[PDB]
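Remarks on the structure that follows.
Residue numbers (the deposited numbering): 1 to 46.
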């Protein structure tokens, strides 16, 4: 449970959500907004 945050030049994927980092699987993690219709928070189906 050791997630880290991203920088200013690291938001090039998730538009509506938060940029973080996974320590168990070192990879740029991006939590999208609950309500979007894609795993990259970009097009609001509602």
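By construction, the Cβ of each residue, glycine as well, lies at the ideal position given by its N, Cα and C atoms.
- In this structure, residue 4 and residue 21 form a Cβ contact; the two beta carbons are roughly 4 Å apart against a cut-off of 8 Å.
- Between residue 23 and residue 8, the C-beta gap is not smaller than 8 Å, which leaves the two residues out of contact.
- Membership of residue 3 in any beta strand (DSSP E) is not indicated, and neither H nor E is assigned to it by DSSP.
- For residue 17, the beta-bridge partners assigned by DSSP are 32.
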